[PDB]
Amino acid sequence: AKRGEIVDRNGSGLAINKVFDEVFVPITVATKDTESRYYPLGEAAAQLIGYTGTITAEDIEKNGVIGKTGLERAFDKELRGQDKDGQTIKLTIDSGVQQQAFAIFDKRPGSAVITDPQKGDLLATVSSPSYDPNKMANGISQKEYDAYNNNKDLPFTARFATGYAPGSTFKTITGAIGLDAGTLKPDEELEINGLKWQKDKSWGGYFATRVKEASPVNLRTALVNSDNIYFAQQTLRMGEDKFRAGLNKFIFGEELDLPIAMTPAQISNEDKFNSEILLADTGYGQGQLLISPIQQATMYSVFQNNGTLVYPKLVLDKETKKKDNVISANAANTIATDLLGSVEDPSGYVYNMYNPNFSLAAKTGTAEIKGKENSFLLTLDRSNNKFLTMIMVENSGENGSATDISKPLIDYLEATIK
């Protein structure tokens, strides 16, 4: 039986079969014609699609080829058939978006998740660096394989499913929670002097620090300037109960119906912060938050659905599933409108991607890990609400920011997905 195909949303192949003339024990391509598993996108979708391998003795313990990793293994039952050819599985992936999202990294460690925010379609799930899935499935030498395993940037890992601290992009949720709680007034002008702030001397040598000097600061200025002090103060103003009440309406601790293994997102290590510092850190995306890029794109989907959360989906014919009224419609549109300044204001961090013919909201972020720094970029299509991007660059202190590489992807999406 011929193994079933994995195709993208347009029917283009992602995991298919192709006949080669191999130079009987086939080694490499030239003598005998054999059918081999082929991946047209190669490393661009290696971690997602995975690769196949020969059935081993340990596999036959839980009663041809079998999917070893990725969707080849998760869908191995439906794909392998029975010798009835295997079934064809059509994904939400867009091959053009998948290849563009992978090209921007250029061996930099990071990930990119592009979604249809109103339907949950995962248009692209990219992890960098990557590996050749055709060689892993049909013949890789110990030299090339050891180069993958000794790569400290870990190309085999699926970074879009790994949990990270979200960074300053998380301020969009903290601000929306503050709006619905009634403690955050969008027009209130907060006096903030200097670059560091603590509640009082009980914080010791720790301060919430910002990068830009500005006063007074309202909600929109705090988002565009990415002011940590404003959001640390607003988080302490609302309190842990009001803060967690809004956070708990998101998908924290919730396993998703995605064929991708993923630890659920968490707010902190325990049910209580037991620290004003930890409560304030969580307000601007640090602390003990662990959210994967797929989970981040899911949480941030509320700003393009009038406060409704749209769950992600990878299989095209799967019905859209939502979580209603995670935040209010007024809070979602207030935050999304304020994020237009990140792209449209000449001093905004995403002004490099400014397009006078397209409405793009955005929010950047740099997380400090116990150190190293990761860069994040969230963009929101506000012209038609047809795409959402969650882009991350690991070790941004050496690899640069996500904003510095993501413009060709955003330009591609504004002309294609629109």
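Quick note: we count residues from 1 along the sequence shown, nothing fancier.
In all of the other compared structures of this protein with flanking residues present, residue 70 is modelled, so it falls below the one-third mark for missing coordinates.
Of the other structures of this protein that model both sides of residue 23, a third or more give it no coordinates. Unmodelled residues of the deposited sequence between neighbouring positions residue 370 and residue 371 number 4 to 9. In this entry, no coordinate-free residues of the deposited sequence separate residue 187 from residue 188. Taking only CA atoms, the mean B-factor in the PDB entry is higher for 14-22 than for the other of 400-408 and 14-22. Relative to one another, 258-266 and 169-177 have unequal mean CA B-factors, and 258-266 is the one with the higher figure.
When the C-alpha B factors of 213, 281, 345, 106 are read from the deposited coordinates, the top value falls at 106. Of the candidates 289, 97, 137, 335, the one whose C-alpha carries the top B factor in the deposited record is 137. For residue 148, the recorded CA temperature factor ranks within the highest third of the chain's modelled residues. Per-chain ranking of the deposited C-alpha B factor places residue 121 in the lowest third. Annotation for residue 191: C-alpha temperature factor in the middle third relative to the rest of the modelled chain, per the entry. Annotation for residue 31: C-alpha temperature factor in the highest third relative to the rest of the modelled chain, per the entry. Per-chain ranking of the deposited C-alpha B factor places residue 393 in the middle third.
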